[PDB]
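First the structure, in the form of structure tokens, and then the observations on it.
Right, here's the structure in full:
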């Protein structure tokens with residue numbers, strides 16, 4: 174599958190692509206404003222994620238640190254990133270279908286559109302100014318807006334035991350971005366696409 178990752182933000186972002194135990198394609202790339210990166214994602218990739226990282230620096234060996242979304246200090250991500258991270262999530266060729274979503278469960282850093290570039294299903298977007306509107310306790314010191322699980326680390330917010338429900342914090346993300354997951358047990362906003370679709374992830378999508 175082809176994924177085009179496009180940075181339309183005014184700021185640089187360091188794109189990342191991983192399935193949690195390995196990079197997808199090169200795993201990461203610096204994208205200055207307006208740049209894109211086209212990757213190949215293998216068919217059958219399950220539990221893949223693409224995200225932006227902000228305010229990074231790396232040395233010539235590709236080791237360094239990002240203020241949002243850092244993946245073990247690497248340019249070329251092998252593992253998922255540190256919150257806060259707006260997440261484009263996908264599982265491909267799953268019993269004949271692809272499944273895509275955007276999630277704020279791990280917070281929000283950069284606005285995102287995640288759309289097919291082939292026919293037959295909708296895209297989703299979360300492009301409200303969540304960072305500017307972020308409630309005080311969720312503001313991350315390095316920038317972006319943490320989820321309440323990362324901040325409070327209890328099942329009330331993490332949905333590890335019993336049956337978690339919405340909180341004022343989850344409702345904040347949901348109100349700003351109805352089409353993204355706001356907590357683990359949110360009513361799903363996943364889109365079912367034809368198997369073997371192609372996609373575009375756009376940071377700071379055009380309104």
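In our numbering, the protein residues as written are 174 to 380. Backbone N, C-alpha and C define an ideal beta-carbon position, used for all residues, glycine too.
Asked, Found
"Return the CA-CA distance between residue 374 and residue 347, expressed in angstroms with no decimal places.", "20 Å"
"Mind reading off the beta-carbon distance from residue 277 to residue 350? Whole number of angstroms is fine, and I expect it under 8 Å.", "6 Å"
"Please confirm if the region 204-212 is in contact with the region 237-250, defined as three or more CB-CB distances below 8 Å between the two stretches.", "no"
"At 4 residues or longer, and completely inside the region 292-353: list those alpha helix (DSSP H) runs for me, N to C.", "303-306, 321-325, 328-331 and 341-349"
"May I have the straight-line CA-CA distance separating residue 271 from residue 371, to the nearest angstrom?", "10 Å"
"Using three-state DSSP, classify residue 202 as helix, strand or coil.", "strand"
"Which word fits residue 296, buried or exposed, when buried means at least 16 other C-beta atoms lie within 10 angstroms of its C-beta?", "buried"
"Does DSSP put residue 232 in a helix, in a strand, or in coil?", "coil"
"If you compare alpha carbons, which of 292, 283, 198 and 306 is closest to residue 369?", "292"
"Considering only residues of the region 234-285, which uninterrupted beta strand (DSSP E) runs meet the minimum length of 3 residues and lie entirely inside it, listed in chain order?", "237-241, 260-267 and 270-276"
"Just how far apart, CA to CA, sit residue 303 and residue 213?", "30 Å"
"Spatial neighbours of residue 380 within its chain, please: C-beta separation below 8 Å, excluding the five flanking residues on both sides.", "300"
"Suppose you measure from the CA of residue 226 to the CA of residue 188; what does that come to, to the nearest Å?", "6 Å"
"Using only the alpha-carbon positions, how far apart do residue 218 and residue 192 sit?", "7 Å"
"Does DSSP put residue 372 in a helix, a strand or coil?", "strand"
"Let me know if residue 320 comes out buried or exposed under the rule of 16 or more other beta-carbons within 10 Å of its beta-carbon.", "buried"
"With a threshold of 16 other CB atoms inside 10 Å of the CB of residue 359, please say whether the residue is buried or exposed.", "buried"
"Could you have a look at residue 211 and say whether DSSP puts it in helix, strand or coil?", "strand"
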